[PDB]
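Following: one structure in C-alpha cells, then a few remarks.
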Amino acid sequence: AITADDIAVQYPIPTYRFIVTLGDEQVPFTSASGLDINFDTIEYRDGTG
Amino acid sequence: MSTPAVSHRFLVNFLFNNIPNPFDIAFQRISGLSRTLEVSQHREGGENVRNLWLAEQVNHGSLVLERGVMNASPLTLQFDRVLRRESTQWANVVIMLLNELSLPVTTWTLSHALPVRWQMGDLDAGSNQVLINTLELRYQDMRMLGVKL
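As they're listed, the protein sequences go chains B and F. For what it's worth, PDB author numbering labels the leading residue of the first sequence as 2, then goes sequentially. For what it's worth, PDB author numbering labels the leading residue of the second sequence as 1, then goes sequentially.
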C-alpha cells in the first residue's frame, strides 16, 4: 500500500521525460547533458602550518 | 676498451691547519673543475690568412659544493669562522671517484682552498625538499692524478 500520490512526493525522478524550452519555443530533443556548476580553488600555506 | 667513468660516487678529504684530524665529508653536487690557459690574439701586418695565439696565464675555476643541512661538521664550523673573519685558514682538498670495488680511479687534489661563499636554500611552505646549502672555495693550484686521467 503506497498510493501513488505518495510516489509523486517520496520517490525519485527518472531522466527520460523532459522538455527543453529554448528562448520563446519548445524544441523536442533526445539527449541533454553538461549542466554542471564547477568552481576553482585558491590555497595558501605558511611556515607555521 | 675499458668502461668509462660514471659520476655518482666520490669522496672528498679536507686538511686544515686549525683542525688536527683530516676529515671526510659526503656531498651531493660537486660542480666541476675548469682550467683555462688565457691566450690572446695578435694581428701581424702582412699576414691576413692565419691566426697567432700567444699563451699567457693559467686560470683555475672554483669548487662549488652542495650538501643538505645536517649536523655541524668540521667544515661548516670552519666556513663559519672564515666568513666571520676569525680565521683565514685554507685547506688541501683531495677529491676522488670510486669504481665498483672501492678503488680510486681518478683524483683531483686541490691546494690552498679558501672558503669564500655560503648560500642557503629557500624556505617555502609548500616545498617538499631538503634544505640544501651551497659552499664555494677558491684554490691556488690543481693537480689531477689517477689512472683515468
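Yeah, the Cβ is synthetic: ideal placement off N, Cα and C, and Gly gets one too.
Check: If we ignore side chains and look at the alpha-carbon of each, how far apart do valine 116 of chain F and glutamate 86 of chain F end up?
Finding: 13 Å
Item checked: Backbone secondary structure at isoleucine 25 of chain F - three-state DSSP -> Three-state result, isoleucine 25 of chain F: coil.
Item checked: Distance between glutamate 26 of chain B and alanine 33 of chain B (C-alpha atoms, nearest Å) -> 17 Å
Next item on the list: Could you work out which residues of chain F lie near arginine 46 of chain B, taking near to mean beta carbons separated by less than 7 Å?
Entry: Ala125 and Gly126
Check: Looking at the structure shown, is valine 82 of chain F part of a helix, part of a strand, or coil, going by DSSP?
Finding: Of the three classes helix, strand and coil, the one that applies to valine 82 of chain F here is helix, per DSSP.
Next item on the list: Could you have a look at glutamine 27 of chain B and say whether DSSP puts it in helix, strand or coil?
Entry: strand
Next item on the list: Along the beta strand (DSSP E) that carries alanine 91 of chain F, what are the first and last residues, could you check?
Entry: 91-98
Margin query: As a quick exercise: from F:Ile95, F:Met96 and F:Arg81, pick the residue whose alpha carbon is nearest that of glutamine 89 of chain F.
Written below: F:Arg81
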